[PDB]
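# Architecture and fold: a report
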Amino acid sequence: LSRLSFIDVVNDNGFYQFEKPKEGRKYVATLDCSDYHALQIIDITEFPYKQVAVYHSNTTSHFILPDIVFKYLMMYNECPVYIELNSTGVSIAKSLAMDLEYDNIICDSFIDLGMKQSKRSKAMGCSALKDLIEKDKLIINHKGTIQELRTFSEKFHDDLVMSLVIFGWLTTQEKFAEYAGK
Ligand SMILES: [Mg+2]
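As recorded in the entry header, the structure was determined using X-ray crystallography to a resolution of 2.800 Å.

Pasting the structure below:
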């Protein structure tokens, strides 16, 4: 843990940015919705991964969120998004697809537009995260995230960590191959 430091970037209206988009780099975004909404944008290129932007808020209406997500996803090279399918993720993921006609959505199946909930995935995901940070394979820069990585037990908020767990689960998958690499 505690070898973790953060860059104290200003909270630009919910959106935290540590690196702006650089052509040639391939990003990936995971979302845990409405507790705050937490949008993690990671750089999966060089197997040094980097958390370049974070969207954090417990005050945006899930009604308008897709617009917010859309903005940042487009901003980072038509970025792929992996939405956890809780009661709200389902609606958000649909808007993102129908309403905003965004096509770079990662799906679990044609019916589930993101990560389908399961005790199995969360667990499996946590583990995958634990070995991404500890091996210094995932570089975190956000203050909140780091604070939650200090009040989140193996078994108070955790949205920013959950968000990074969606990312874990996404790394235990095969499809992750393509999206990866510059
Ligand atoms: Mg949440």
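## Some words on unusual backbone geometry
Even without being a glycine, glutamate 78 presents a positive backbone phi close to 35°. Of note, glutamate 78 is situated in the loop between α1 (65–75) and β5 (81–83). One non-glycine residue, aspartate 136, lies in the positive phi region at around 55°. Following the sequence through the fold, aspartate 136 ends up in the loop between α3 (119–133) and β6 (138–139). For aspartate 136, a relative accessible area of 67% corresponds to the exposed category.

## Digging into α3
Here α3 contains 15 residues, and its C-alpha end-to-end distance of 22 Å stays within 8% of the 21 Å for a straight helix at 1.5 Å per residue. By the burial criterion, the buried members of α3 are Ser121, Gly125, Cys126, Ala128, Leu129, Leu132 and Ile133.

## Focus on the nonpolar core
Formed by 25 residues in total, the largest nonpolar core has its most connected members in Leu31, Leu39, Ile41, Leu65, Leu73, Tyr76 and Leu96. Among the secondary structure elements, those contributing two or more residues to this core are β2 (27–32), β3 (37–43), β4 (49–57), α1, β5 and α2 (89–97). Ranked by residue count, the leading element in this core is α1, at 5 residues. Setting aside chain neighbours within four positions, we find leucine 73 in contact with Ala29, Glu78, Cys79, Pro80, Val81, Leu96 and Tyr102.

What counts, and at which threshold
- Residues numbered from 1 in each chain as written, not as in the entry; some residues may be left out.
- Heavy atoms only, no water.
- Helix = DSSP H or I, 4+ residues; strand = E, 2+ residues; numbered from the N terminus.
- Buried < 20%, exposed > 50% of the residue type's maximum accessible area, 1.4 Å probe, protein only.
- Expected span 1.5 Å × (residues − 1).
- Core = buried A, V, L, I, M, F, W, Y, C linked by side-chain atoms within 4.5 Å.
- Contact = heavy atoms within 4.5 Å.

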